[PDB]
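Beneath this line is the structure, given in structure tokens, with notes to follow.
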Amino acid sequence: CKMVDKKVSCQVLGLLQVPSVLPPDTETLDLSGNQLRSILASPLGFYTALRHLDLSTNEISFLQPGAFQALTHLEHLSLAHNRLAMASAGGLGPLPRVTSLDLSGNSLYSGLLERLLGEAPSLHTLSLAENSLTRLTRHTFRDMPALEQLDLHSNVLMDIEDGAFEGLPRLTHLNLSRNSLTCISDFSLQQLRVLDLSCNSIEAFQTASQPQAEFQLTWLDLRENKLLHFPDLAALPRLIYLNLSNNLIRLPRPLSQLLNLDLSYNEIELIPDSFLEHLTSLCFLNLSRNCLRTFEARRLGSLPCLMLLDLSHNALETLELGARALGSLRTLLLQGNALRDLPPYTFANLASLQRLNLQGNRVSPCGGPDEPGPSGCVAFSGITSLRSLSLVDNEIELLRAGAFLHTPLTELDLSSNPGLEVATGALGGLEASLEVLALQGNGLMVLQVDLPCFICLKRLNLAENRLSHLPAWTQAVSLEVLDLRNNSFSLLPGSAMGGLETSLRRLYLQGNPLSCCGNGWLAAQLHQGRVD
Amino acid sequence: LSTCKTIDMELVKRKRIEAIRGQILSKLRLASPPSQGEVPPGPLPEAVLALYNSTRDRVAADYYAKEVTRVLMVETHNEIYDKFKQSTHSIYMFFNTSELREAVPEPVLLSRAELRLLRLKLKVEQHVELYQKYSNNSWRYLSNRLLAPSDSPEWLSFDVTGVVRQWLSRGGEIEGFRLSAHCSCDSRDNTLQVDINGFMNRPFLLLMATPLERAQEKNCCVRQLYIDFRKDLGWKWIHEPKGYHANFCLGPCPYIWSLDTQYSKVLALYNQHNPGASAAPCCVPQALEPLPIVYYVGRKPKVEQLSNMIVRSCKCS
Amino acid sequence: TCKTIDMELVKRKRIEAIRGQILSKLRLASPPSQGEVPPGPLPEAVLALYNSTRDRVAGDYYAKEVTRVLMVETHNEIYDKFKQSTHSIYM
Amino acid sequence: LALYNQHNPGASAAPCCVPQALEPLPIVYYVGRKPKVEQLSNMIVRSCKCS
Amino acid sequence: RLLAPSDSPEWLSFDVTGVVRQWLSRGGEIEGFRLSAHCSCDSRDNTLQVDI
């Protein structure tokens, strides 16, 4: 086996017995991936000073009752991916000082560990994942008052008795993912701080009453279960995380410190008035995919700290966003809905909105304060804090002159808008701020734009269009990438494409009806800078 | 983290009662309970009770996998040809019980055994029946098949599980069947006009038996519930029966997150908690039985059978 | 009604359940090793047996009202044209 | 309406979409060196019902 | 049908829905049935030893 200073890194395969000719001066030993069938006390007790014993991926099935006891300094022991279930008695002797015990994937059984596990007065991280445990009774875990991280995912836990965690007074991180629990009656784990009940089959959740000890839970996960109600969270005043995605929750200051609530893929058909009132100090909210018919955060001072709101794919009809309510909302998502008519200044009242996705909602902007537009419009003009806005798949029949006049946004998308007819000077107040544009698939024919003035423009997207001509370039603008796929251009002038040699790095022509012996300038540009 | 243990059924029973009321009113297409004050008071006609009594009366470990074995019919030149020579009436098919017992060591292992044929004739329609040899001279009846006309060769399947189990236990060395046309007594002359092979795909048995090496109150289970129209529902417009046993299913069927290596015993949880390997098992009834009732409409009494109302077994998904 | 669907989640759960089900029905603690498996295609007898087992072989909500109809008595044309011979009985 | 042929609301209190008809599946797998042909039951789904 | 021996009266029923449907649709003036004893092909006669 490979030998370095106090490390014997045995190779990945080809071993059937523990080597006996190596000296005990080593301190770290590895036996992973070999074909060891059982561990005898004699060759193993020869080594005294060991601090790592990685026995992963073997065929170990029988252990001397006093095999591991003679190792005074054993500080790590991994027995993952073995065959301990076939075992005999005693198993692991009382371990003097072990701070990591790994028994993952040994096909363990309820009542096997209690005859196998011994007292470890310094155990700190226990792992029983990928086993076949089925119950947690009062005698399953005993004599380990230092346990702090218990891993139990991928078991078949279906039932937990009353005091199964009474003998672990200092447990903080617990993990019951991918198990098969079905109900939880109460909660008597004061010091727990990370609880993971994901991917279970839980149907209801509950806590205890008359709290003599303040519960300290902060991280809680309940995704992929079958919860039917929003659990009462007056017994977890320090909760700062929650994940109720893919449940069946229907809604009919206990969370004064909640910080990240996720509530997507549920059945939240409507939002009660008092539900949003107590959820102060929130920063991220996700109501995506929930069937919300309307969002009615009308009360002033509601969600004063909110930084994100996802209302996508809900089939919202209306927004009742009041003024000075969401004073910190920075990112807002509204895609997938069908929003026809809103007050003009719905998005104007927001103080610090930056990104406002409106894909597929069918919301059409209007002219502006002067030269007004049709009724039911939405005013994108007066938002001075916007930076990004996507308006694709909104079927904007007609664009307006000052729809973006006072919105120094650095990114604008308008693709997938068939029959779009763009007014002159529509992108007026964006010349010095707008950096990325997109019009792919509109089907427009002529690009009447103030293109040379878009000094800060970086990339352009005009594919799948019927573009006929473009204003002649007069300088080497900073535009880096240009897209013209599936276009009507068949012969490209060179003088009209003035510059386009320094900054340009990719100018696509693939799929266009270009004809050889008619471009000239294309042959030069293809040679250096961009291909196809 | 004490898991919920006690189950209280009063709310469950109330929900079941309301659901049953809705089901009863829906099945009859009555948006409301029918008019009752119009009925002629007194005893019912004896004919209606006779009809209701007649319609109310009674007349007339497979989850695991089974190893498959096939044994072919012995060639005609052994026992078939001499004493049981094929005639126009019938075709004789015989099997050697030695290799039969070799395939399935013990009779109790057998789960299903069927006998295959390949018919050659296409057009003529014929009605045929299968017998079993019972002694050196006798025959007995097993079943008959009404062959369909076709244009291509087709295989045939007869279920002969019982006779094969009997052969494995008490049978002699050679046993066989008989395939003869269907002779009604009025049919003086009948012949076997269908042609099958062998008389290269001889008929054979397709034995399925569990292998010898593999020889050996909160879950979903039907729960009793007695519903009374007079007391539980307060209905007087149903004259018979006074009440019936509309027992119901209760129990969760938790999903079992599988692994590539699990304990021997825990595999038995799959069989009773997720047999269908669905993505979200649900405790649903498995066997339903109907209920007939006798109720009045206006001036006329009616005897109607409401279907799929009594729950006999509940199975997860 | 509202819905909680994600097709990929259901597909993945179904696939995992299928894995568990196939292992459970065979009562297999762990999948068998393939080290000592002879190479080459299966013996033709095994393939024939698998083909034989694989192929296929030709072998309402709403309540309803019950009514009863008796047969025509033997007093008229029942025994006149079809005597109740020991062979059969007519109705 | 064929989906609701087995609908009995007063038994489960929560109707679920369940398989209605299933078919078996024959497989071939080696136990060490001996080919085995086994037929597993209720493998594929052909139709569904509300119950 | 295979009538098991019995020392008591019993009720037996046959499913004849496919026949009564045709009788209702396009049936004749009077149509009926016939209960007969099984006959083997070996030129054999039988008697109906059942009382109705």
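Chain labels run A, B, ... following the order of the structure tokens; each chain numbers its residues from 1, and ligands are numbered from 1 in the order shown.
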Closest-contact table, chain C side, partner chain A, 10 Å, counting only C-alpha atoms, as a Markdown table:
```
| residue | atom | partner | partner_atom | distance |
| --- | --- | --- | --- | --- |
| C:1 | CA | A:267 | CA | 9.1 |
| C:2 | CA | A:267 | CA | 5.9 |
| C:3 | CA | A:267 | CA | 6.4 |
| C:4 | CA | A:265 | CA | 5.0 |
| C:5 | CA | A:265 | CA | 7.4 |
| C:6 | CA | A:265 | CA | 8.3 |
| C:9 | CA | A:224 | CA | 9.3 |
| C:29 | CA | A:107 | CA | 9.0 |
| C:30 | CA | A:107 | CA | 10.0 |
```
Residue selection dump (N, CA and C atoms) as a JSON list (two decimals), in the first residue's frame:
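This went into part-v3.json:
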```json
[["chain", "number", "residue", "atom", "x", "y", "z"],
["C", 1, "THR", "N", -60.69, 22.35, -10.36],
["C", 1, "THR", "CA", -59.92, 22.43, -9.11],
["C", 1, "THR", "C", -58.50, 22.91, -9.35],
["C", 2, "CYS", "N", -57.87, 23.53, -8.34],
["C", 2, "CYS", "CA", -56.42, 23.80, -8.34],
["C", 2, "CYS", "C", -55.59, 22.50, -8.26],
["C", 3, "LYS", "N", -54.30, 22.58, -8.61],
["C", 3, "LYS", "CA", -53.41, 21.42, -8.80],
["C", 3, "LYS", "C", -51.96, 21.71, -8.37],
["C", 4, "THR", "N", -51.25, 20.66, -7.97],
["C", 4, "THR", "CA", -49.86, 20.71, -7.44],
["C", 4, "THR", "C", -48.87, 19.94, -8.33],
["C", 5, "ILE", "N", -49.20, 19.75, -9.61],
["C", 5, "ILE", "CA", -48.46, 18.84, -10.49],
["C", 5, "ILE", "C", -47.08, 19.38, -10.87],
["C", 6, "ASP", "N", -46.12, 18.47, -10.89],
["C", 6, "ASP", "CA", -44.85, 18.59, -11.58],
["C", 6, "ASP", "C", -44.56, 17.22, -12.19],
["C", 9, "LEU", "N", -41.37, 15.28, -11.12],
["C", 9, "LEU", "CA", -41.40, 14.71, -9.78],
["C", 9, "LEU", "C", -42.17, 13.40, -9.76],
["C", 29, "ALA", "N", -32.34, -9.15, -1.60],
["C", 29, "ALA", "CA", -31.70, -8.20, -0.70],
["C", 29, "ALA", "C", -30.81, -7.22, -1.47],
["C", 30, "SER", "N", -30.10, -7.70, -2.48],
["C", 30, "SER", "CA", -29.25, -6.86, -3.32],
["C", 30, "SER", "C", -29.14, -7.51, -4.68]]
```
Which of chain E fall in helix (DSSP H, G or I), as number ranges by chain
E: 17-26
Selection above as a file: N, CA, C and O atoms, as a compact mmCIF listing (two decimals), in the first residue's frame:
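Result file selection18.txt:
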```
# COMPACT_ATOMS: atom_id res chain seq x y z
N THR E 17 -78.32 -11.78 -20.77
CA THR E 17 -78.54 -10.40 -21.17
C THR E 17 -78.37 -10.22 -22.67
O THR E 17 -79.18 -9.53 -23.32
N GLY E 18 -77.34 -10.83 -23.25
CA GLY E 18 -77.12 -10.72 -24.68
C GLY E 18 -78.25 -11.26 -25.52
O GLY E 18 -78.40 -10.86 -26.67
N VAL E 19 -79.04 -12.18 -24.98
CA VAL E 19 -80.17 -12.73 -25.71
C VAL E 19 -81.41 -11.87 -25.54
O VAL E 19 -82.15 -11.62 -26.49
N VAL E 20 -81.66 -11.39 -24.31
CA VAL E 20 -82.83 -10.57 -24.07
C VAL E 20 -82.71 -9.23 -24.78
O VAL E 20 -83.72 -8.65 -25.21
N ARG E 21 -81.49 -8.70 -24.92
CA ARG E 21 -81.32 -7.47 -25.67
C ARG E 21 -81.78 -7.65 -27.12
O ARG E 21 -82.50 -6.81 -27.67
N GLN E 22 -81.38 -8.76 -27.74
CA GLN E 22 -81.82 -9.04 -29.10
C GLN E 22 -83.32 -9.27 -29.16
O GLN E 22 -83.98 -8.87 -30.13
N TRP E 23 -83.88 -9.94 -28.15
CA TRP E 23 -85.32 -10.16 -28.13
C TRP E 23 -86.07 -8.83 -28.08
O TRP E 23 -87.09 -8.66 -28.76
N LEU E 24 -85.60 -7.89 -27.26
CA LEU E 24 -86.24 -6.58 -27.19
C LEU E 24 -86.09 -5.83 -28.50
O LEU E 24 -87.04 -5.20 -28.98
N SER E 25 -84.89 -5.86 -29.10
CA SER E 25 -84.67 -5.13 -30.34
C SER E 25 -85.51 -5.69 -31.48
O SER E 25 -86.39 -5.01 -32.02
N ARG E 26 -85.25 -6.94 -31.86
CA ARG E 26 -85.80 -7.51 -33.09
C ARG E 26 -86.36 -8.90 -32.88
O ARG E 26 -86.47 -9.69 -33.83
```
Report as a PyMOL selection string all protein, DNA and RNA residues lying within 6 Å of segment 19-23 of chain D, evaluated on only C-alpha atoms, omitting residues in the same chain fewer than 4 positions from it.
chain D and resi 42-49
Using the selection just defined, write its residues with N, CA, C and O atoms as a short mmCIF file (atom, residue, chain, number, x, y, z; two decimals), in the first residue's frame.
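Output saved as out.cif:
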```
data_model
loop_
_atom_site.label_atom_id
_atom_site.label_comp_id
_atom_site.auth_asym_id
_atom_site.auth_seq_id
_atom_site.Cartn_x
_atom_site.Cartn_y
_atom_site.Cartn_z
N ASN D 42 -48.67 -7.27 -12.23
CA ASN D 42 -49.07 -5.89 -11.99
C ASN D 42 -47.90 -4.92 -12.19
O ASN D 42 -47.58 -4.10 -11.34
N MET D 43 -47.27 -5.03 -13.36
CA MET D 43 -46.13 -4.19 -13.71
C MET D 43 -46.52 -2.92 -14.45
O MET D 43 -46.15 -1.83 -14.01
N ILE D 44 -47.24 -3.02 -15.56
CA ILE D 44 -47.56 -1.86 -16.38
C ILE D 44 -49.00 -1.45 -16.11
O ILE D 44 -49.78 -2.21 -15.54
N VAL D 45 -49.34 -0.24 -16.53
CA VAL D 45 -50.66 0.33 -16.32
C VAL D 45 -51.32 0.52 -17.68
O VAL D 45 -50.69 1.05 -18.61
N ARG D 46 -52.57 0.08 -17.80
CA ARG D 46 -53.31 0.23 -19.05
C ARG D 46 -54.46 1.22 -18.97
O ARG D 46 -54.77 1.86 -19.98
N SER D 47 -55.09 1.37 -17.81
CA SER D 47 -56.19 2.31 -17.67
C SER D 47 -56.30 2.74 -16.21
O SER D 47 -55.83 2.05 -15.31
N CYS D 48 -56.94 3.88 -16.00
CA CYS D 48 -57.06 4.46 -14.67
C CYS D 48 -58.52 4.74 -14.35
O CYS D 48 -59.36 4.89 -15.24
N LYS D 49 -58.81 4.82 -13.05
CA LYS D 49 -60.16 5.07 -12.58
C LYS D 49 -60.09 5.94 -11.34
O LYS D 49 -59.06 6.00 -10.66
#
```
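Using only C-alpha atoms, the shortest contact distance between residue 35 of chain D and any of B:187, B:152, B:69, B:274 is found at B:69.
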If we count only C-alpha atoms, which residues of chain B reach to within 9 Å of chain C? Please list them as a PyMOL selection string.
chain B and resi 26-29+51-52+55+63-66+68-70+116+145+154-159+185+206+214+255-264+267-268+270-271+274-280+292+302-308
Saved selection, atoms kept: C-alpha atoms, as a PDB file, in the first residue's frame:
```pdb
ATOM      1  CA  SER B  26     -76.992  11.391  -6.397  1.00  0.00           C
ATOM      2  CA  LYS B  27     -77.338   7.786  -7.585  1.00  0.00           C
ATOM      3  CA  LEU B  28     -81.138   8.095  -7.688  1.00  0.00           C
ATOM      4  CA  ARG B  29     -80.997  11.428  -9.598  1.00  0.00           C
ATOM      5  CA  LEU B  51     -89.551  -9.123  -6.022  1.00  0.00           C
ATOM      6  CA  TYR B  52     -87.352  -7.419  -3.421  1.00  0.00           C
ATOM      7  CA  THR B  55     -83.361  -9.628  -5.909  1.00  0.00           C
ATOM      8  CA  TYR B  63     -47.772 -10.217  -5.256  1.00  0.00           C
ATOM      9  CA  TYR B  64     -44.426 -11.969  -5.727  1.00  0.00           C
ATOM     10  CA  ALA B  65     -42.960 -13.432  -8.918  1.00  0.00           C
ATOM     11  CA  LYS B  66     -43.364 -16.969 -10.234  1.00  0.00           C
ATOM     12  CA  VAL B  68     -41.814 -20.141 -15.451  1.00  0.00           C
ATOM     13  CA  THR B  69     -41.190 -23.618 -16.855  1.00  0.00           C
ATOM     14  CA  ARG B  70     -42.427 -25.321 -20.014  1.00  0.00           C
ATOM     15  CA  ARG B 116     -51.154 -24.175 -25.296  1.00  0.00           C
ATOM     16  CA  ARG B 145     -63.922 -23.044 -26.077  1.00  0.00           C
ATOM     17  CA  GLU B 154     -53.488 -18.438 -33.646  1.00  0.00           C
ATOM     18  CA  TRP B 155     -52.404 -19.913 -30.338  1.00  0.00           C
ATOM     19  CA  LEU B 156     -54.871 -21.303 -27.808  1.00  0.00           C
ATOM     20  CA  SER B 157     -54.894 -21.302 -24.015  1.00  0.00           C
ATOM     21  CA  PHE B 158     -56.772 -23.623 -21.666  1.00  0.00           C
ATOM     22  CA  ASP B 159     -56.564 -23.277 -17.883  1.00  0.00           C
ATOM     23  CA  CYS B 185     -77.631 -35.231 -28.716  1.00  0.00           C
ATOM     24  CA  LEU B 206     -46.753 -23.382 -19.327  1.00  0.00           C
ATOM     25  CA  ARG B 214     -38.142 -18.892  -2.355  1.00  0.00           C
ATOM     26  CA  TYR B 255     -44.592   5.896   0.185  1.00  0.00           C
ATOM     27  CA  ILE B 256     -41.509   3.692   0.520  1.00  0.00           C
ATOM     28  CA  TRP B 257     -38.317   5.333  -0.726  1.00  0.00           C
ATOM     29  CA  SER B 258     -36.507   2.435  -2.350  1.00  0.00           C
ATOM     30  CA  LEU B 259     -32.822   1.533  -2.268  1.00  0.00           C
ATOM     31  CA  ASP B 260     -30.630  -0.905  -4.145  1.00  0.00           C
ATOM     32  CA  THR B 261     -29.959  -2.906  -0.951  1.00  0.00           C
ATOM     33  CA  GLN B 262     -32.426  -3.321   1.913  1.00  0.00           C
ATOM     34  CA  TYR B 263     -33.031  -5.712   4.789  1.00  0.00           C
ATOM     35  CA  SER B 264     -34.868  -8.956   4.106  1.00  0.00           C
ATOM     36  CA  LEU B 267     -39.230  -5.896   1.677  1.00  0.00           C
ATOM     37  CA  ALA B 268     -42.492  -7.156   3.173  1.00  0.00           C
ATOM     38  CA  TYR B 270     -43.725  -2.903  -0.022  1.00  0.00           C
ATOM     39  CA  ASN B 271     -46.320  -5.658  -0.410  1.00  0.00           C
ATOM     40  CA  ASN B 274     -47.356   0.251  -2.020  1.00  0.00           C
ATOM     41  CA  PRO B 275     -48.131  -2.834  -4.143  1.00  0.00           C
ATOM     42  CA  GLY B 276     -48.745  -0.882  -7.341  1.00  0.00           C
ATOM     43  CA  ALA B 277     -45.567   1.208  -7.059  1.00  0.00           C
ATOM     44  CA  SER B 278     -47.591   4.372  -7.553  1.00  0.00           C
ATOM     45  CA  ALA B 279     -46.202   7.837  -6.932  1.00  0.00           C
ATOM     46  CA  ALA B 280     -48.748   8.556  -4.161  1.00  0.00           C
ATOM     47  CA  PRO B 292     -81.276  -2.871  -3.460  1.00  0.00           C
ATOM     48  CA  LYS B 302     -90.234   0.973  -6.644  1.00  0.00           C
ATOM     49  CA  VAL B 303     -87.561  -1.687  -6.196  1.00  0.00           C
ATOM     50  CA  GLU B 304     -84.186  -0.307  -7.260  1.00  0.00           C
ATOM     51  CA  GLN B 305     -80.654  -1.690  -6.978  1.00  0.00           C
ATOM     52  CA  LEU B 306     -77.982   0.828  -6.009  1.00  0.00           C
ATOM     53  CA  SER B 307     -74.637  -0.496  -7.191  1.00  0.00           C
ATOM     54  CA  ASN B 308     -71.195  -0.517  -5.557  1.00  0.00           C
TER      55      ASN B 308
END
```
Counting only C-alpha atoms, which residues of chain D sit at most 6 Å from some atom of chain B, and what is each one's closest atom pair with its distance in Å to one decimal, listed by chain and rising residue number, as a tab-separated table?
```
residue	atom	partner	partner_atom	distance
D:9	CA	B:19	CA	5.9
D:10	CA	B:19	CA	4.8
D:11	CA	B:248	CA	4.3
D:12	CA	B:249	CA	5.7
D:18	CA	B:317	CA	5.8
D:37	CA	B:68	CA	5.7
D:38	CA	B:67	CA	4.6
D:39	CA	B:65	CA	5.8
D:40	CA	B:65	CA	4.8
```
Print the selection's residues with C-alpha atoms to a file, as a short mmCIF file (atom, residue, chain, number, x, y, z; two decimals), in the first residue's frame.
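Output below, filename again24.cif:
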```
data_model
loop_
_atom_site.label_atom_id
_atom_site.label_comp_id
_atom_site.auth_asym_id
_atom_site.auth_seq_id
_atom_site.Cartn_x
_atom_site.Cartn_y
_atom_site.Cartn_z
CA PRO D 9 -67.44 8.55 -2.02
CA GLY D 10 -68.52 7.20 1.37
CA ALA D 11 -65.57 4.83 1.73
CA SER D 12 -62.34 6.82 1.28
CA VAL D 18 -55.68 4.75 -9.31
CA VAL D 37 -37.37 -16.73 -16.60
CA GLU D 38 -39.73 -15.01 -14.17
CA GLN D 39 -43.06 -13.27 -14.74
CA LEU D 40 -43.77 -10.31 -12.46
#
```
Closest atom pairs, chain C residues within 8 Å of chain E, only C-alpha atoms, as JSON lines:
```
{"residue": "C:86", "atom": "CA", "partner": "E:47", "partner_atom": "CA", "distance": 5.3}
{"residue": "C:87", "atom": "CA", "partner": "E:47", "partner_atom": "CA", "distance": 5.2}
{"residue": "C:88", "atom": "CA", "partner": "E:36", "partner_atom": "CA", "distance": 4.3}
{"residue": "C:89", "atom": "CA", "partner": "E:35", "partner_atom": "CA", "distance": 5.2}
{"residue": "C:90", "atom": "CA", "partner": "E:34", "partner_atom": "CA", "distance": 4.5}
{"residue": "C:91", "atom": "CA", "partner": "E:33", "partner_atom": "CA", "distance": 5.3}
```
Would you mind exporting C-alpha atoms of the selected residues as a tab-separated table (two decimals), in the first residue's frame?
```tsv
chain	number	residue	atom	x	y	z
C	86	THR	CA	-86.32	-36.88	-20.75
C	87	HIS	CA	-83.79	-35.26	-23.10
C	88	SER	CA	-84.54	-31.64	-22.25
C	89	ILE	CA	-86.87	-29.09	-20.64
C	90	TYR	CA	-88.28	-26.12	-22.54
C	91	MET	CA	-89.13	-22.59	-21.38
```
